[PDB]
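Chemist: 3D, please:
(chains A, B, C and D, ligands or ions: 8)
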There are 4 protein chains.
Amino acid sequence: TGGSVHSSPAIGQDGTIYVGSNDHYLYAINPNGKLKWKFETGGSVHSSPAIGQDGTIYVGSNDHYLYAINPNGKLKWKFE
Amino acid sequence: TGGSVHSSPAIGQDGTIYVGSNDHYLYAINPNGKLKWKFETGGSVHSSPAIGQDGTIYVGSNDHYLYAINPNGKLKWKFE
Amino acid sequence: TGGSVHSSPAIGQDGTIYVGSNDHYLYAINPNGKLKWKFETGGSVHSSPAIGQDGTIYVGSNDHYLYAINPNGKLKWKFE
Amino acid sequence: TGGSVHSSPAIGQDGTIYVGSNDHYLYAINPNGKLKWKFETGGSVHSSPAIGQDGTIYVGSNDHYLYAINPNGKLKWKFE
Ligand SMILES: [Zn+2]
Ligand SMILES: [Zn+2]
Ligand SMILES: [Zn+2]
Ligand SMILES: [Zn+2]
Ligand SMILES: [Zn+2]
Ligand SMILES: [Zn+2]
Ligand SMILES: [Zn+2]
Ligand SMILES: [Zn+2]
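Modeler: Residues are numbered from 1 along each chain as shown, chains lettered A, B, ... in the order given. Ligands and ions are numbered 1, 2, ... in the order given. Have a look at this structure:
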């Protein structure tokens, strides 16, 4: 990523690895190591992502938000 | 939330997302992004929640406590 | 506990909650909230415990060690 | 290890414990407590490892990288 990866990776059902970074982004990476997508938040993502039963990704941010992100990298919602 | 969300979200059997915040609270949020309940502790909740077999939520706090909280947001117990 | 509980609780097959504390200890607590045992390490336990298939508890410490602890609270081993 | 173990251990299907350390290394340890292998990264490993369906280990580092490491301790890839 573009900064320290303090957060811990989660794995989806098709093998995708999700992890947050200090550069403010949540990363989605393919098992072959090429970027799937990146989602841009307002602060460092120290917390670790969780995957719901439909494949929604949830992760917290230093900008005071819990994000919900669809498997395709579009925002679902963010609770402040 | 009202501060940095350093802690990592847990997911219940009915889809509820649980996460602690720096504003001292444990949050319970519905998959549609509306607040279910919030439980108020004495310090920042950096640690990540765990869900037991009956659905009790456990999480630690900076106020020296491990909290046990019923699925409805009432305190079960807190060990100091 | 006796200090900030930064670490995140793990749950055993019989419901026991395990969490580390800043007071240097790994705690084992019963679902009713009474202390089962406490194991004493050389520094703050920020990391979160894992449970193996036989029920061994593993957790790291600030004293440079990964601890392995039997379900009864006796040390199995510690790798430095 | 050679420094604080802030990160939280993951367990493989054959019982191996994986944990990162502050001495910059990801450790693979056998249930009997003897070192299996150690993988050397460019900074402190605060984040916690995840295990994929083929047994690949993923963990982040302070050197800005997410590492993918084969079960035998050779690098698979690292995304920067
Ligand atoms: Zn850096
Ligand atoms: Zn920043
Ligand atoms: Zn803030
Ligand atoms: Zn405060
Ligand atoms: Zn204190
Ligand atoms: Zn101390
Ligand atoms: Zn040290
Ligand atoms: Zn260093």
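
Chemist: hey, let's count contacts and neighbours off CA atoms from now on
Modeler: Noted.

Chemist: I'd like to know how far the spatially most central residue of chain A sits from residue C:32.
Modeler: Nearest to the mean C-alpha position of chain A, by CA atoms, centre = their mean, lies residue A:26 at 3.3 Å. Residue A:26 is 38 Å from residue C:32, where distance means CA to CA, to the nearest Å.

Chemist: hang on, the earlier thing: which helix or strand contains the residue nearest to the centre of chain A?
Modeler: Assigned by DSSP states H and E, residue A:26 falls within strand A:25-29.

Chemist: ok, residues contacting that strand?
Modeler: A:16-21, A:35-41, A:44-45 (CA atoms under 8 Å, 6 or more residues apart in numbering or on different chains).

Chemist: strands of chain A, residue ranges please.
Modeler: Along chain A, the segments classed as strands by DSSP state E run A:10-11, A:17-20, A:25-29, A:35-40, A:50-51, A:57-60, A:66-69, A:75-79.

Chemist: who does residue A:68 bridge with?
Modeler: residue A:58, residue A:77 (DSSP bridges).

Chemist: correct me, but it touches residue A:52?
Modeler: No: checked against CA atoms under 8 Å, the pair residue A:68 and residue A:52 is beyond contact range at 9.8 Å.

Chemist: what do the two both touch?
Modeler: Joint contacts of residue A:68 and residue A:52 (CA under 8 Å, 6+ apart) are residue A:58.

Chemist: neighbour-wise, which of these two wins?
Modeler: Neighbours were counted for residue A:68 and for residue A:52 using other CA atoms under 10 Å in any protein chain shown; residue A:68 has more, 26 against 18.

Chemist: burial count for residue A:34?
Modeler: Residue A:34 has 12 nearby residues by other CA under 10 Å.

Chemist: check residue A:64 too.
Modeler: With other CA under 10 Å as criterion, residue A:64 counts 21.

Chemist: surely residue A:51 touches residue A:13?
Modeler: No: using CA under 8 Å, residue A:51 is not in contact with residue A:13; the gap is 9.4 Å.

Chemist: more crowded one of these two?
Modeler: Neighbour comparison, residue A:51 and residue A:13: the larger count goes to residue A:51, with 22 against 11 (by other CA under 10 Å).

Chemist: name the residues linked to the more buried one by a beta bridge.
Modeler: Assessed by DSSP bridges, residue A:51 has beta-bridge partners residue A:57.

Chemist: residues contacting the residue of chain A most remote from its centre?
Modeler: Farthest-out residue of chain A from its mean C-alpha position, per CA atoms, centre = their mean: residue A:32, at 17.7 Å. Contact partners of residue A:32, counting by CA under 8 Å, 6+ apart, are residue D:77.

Chemist: ok, now residue A:58?
Modeler: A:49-52, A:66-69, B:9.

Chemist: which one of these is nearest residue D:1?
Modeler: For those, the residue nearest residue D:1 by CA to CA is residue A:49; the value is 26.8 Å.

Chemist: ok, how many other residues are close to that closest one?
Modeler: Residue A:49 - counted by other CA under 10 Å - has 27 other residues nearby.

Chemist: separation between it and chain C?
Modeler: 14 Å (CA to the nearest CA, to the nearest Å).

Chemist: is it true that that residue touches residue B:8?
Modeler: Yes: Residue A:49 is within contact range of residue B:8, at 6.5 Å (criterion: CA under 8 Å).

Chemist: shared neighbours, these two?
Modeler: A:59-60.

Chemist: which one of the strands of chain A lies closest to residue D:60?
Modeler: Closest to residue D:60 of the strands of chain A, according to CA to CA: strand A:17-20, at 8.2 Å.

Chemist: does chain B have contacts with the closest one?
Modeler: No: using CA under 8 Å from any CA of the partner chain, strand A:17-20 stays clear of chain B, coming no nearer than 11.1 Å.

Chemist: need the residues that contact that strand.
Modeler: With CA under 8 Å, 6+ apart, strand A:17-20 has contacts from A:5-12, A:26-31, A:44-49.
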